């Protein structure tokens, strides 16, 4: 408790500081693509989307040390930018970054979603057809994930971003500035985010749903209880969320607490009244009664991105209704963090999310004119995971 309250502080020389600047754990991000089996049946006859999952396609991520690390002696905060990098692991993958898949045409779904002005839709329709773009396309893994110049967007006469991709941009970018408490003045505050980009709120959501709560989930304040709700901010889903105690687990001789992401975080205001301010509209959500999805369009420049759990785990039956081929499994598709309760350090985790795009019918865009319903289209799902190294695990029980 005494040696802990000092080696847990985020300042130069402590065990938490070295592991904070650059983690001893190798982090991998595995992708599974939802390969569309009946693109023409969906486009022409408004049938269900038959998908086959293809993966894993594995990348080593979060291997870069934190940058522009600057302590503020006044408020006891420490600032940084976390640089983004992904290195492909052919050794750990089912195929090459060149593998082809039939997937939703991202630019078509997004432009149709964003531009509702009928004169604009008429220009866009002409451009979609001149570039012979359609509701679905064939893309390599490298393109779908990291970016491609869209042939339709390239023709748009008003300013648009012509490069499209699920994680475009990624390399050479950095998430921040994060300002976190170093815990010098009070250990119960170590690593909790003070501000992210100079604010305490995201300006994405209304009321309490906009708050930046907790740490980055790489560690939590020390002396964690089983009764504790752990709050944490995840910039990739653009909101703060929480984890709750599940079971006791032994990781390489280290007694840890397994915290999970509860289905309730994903519930509608019908099951969970606090989630009202995560409901963005009243049509797709069916008057805010659908659940297990998150419309993050406000943080994605208006693009109709919907985040969910893999295979729509913990989701409303109406959300899964238009897709054939999914098989949700609690054990397989949930998110969990294994936390060492004394230090508060995350020694293992699996962050499992699915990326979807909503596509609606259109009166003017011919390529979406035959649609008879809206679709929350699963694009891919991922498992971002890391486990403590054997050496670090034995160094942990000895030095801690």
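Positions refer to the first chain, counted from 1.
Across the two stretches, 76 to 84 and 149 to 157, the PDB entry reports the greater mean Cα temperature factor for 76 to 84.
The stretch 239 to 247 shows the higher mean C-alpha B-factor when 239 to 247 is compared against 163 to 171 in the entry.
Based on the entry's C-alpha B-factors, the most elevated value among 93, 234, 219, 117 belongs to 93. The top Cα temperature factor in the record, among 89, 295, 143, 99, falls on 89. In the deposited entry, the Cα temperature factor of residue 330 sits in the top third of values across the chain's modelled residues.
Annotation for residue 281: CA B-factor lies in the middle third of the chain's modelled residues. The PDB entry assigns residue 113 a C-alpha temperature factor belonging to the lowest third of its chain's modelled residues. Residue-level temperature factors show residue 252 in the highest third of its chain, judged at the C-alpha atom. Annotation for residue 382: C-alpha temperature factor in the lowest third relative to the rest of the modelled chain, per the entry.
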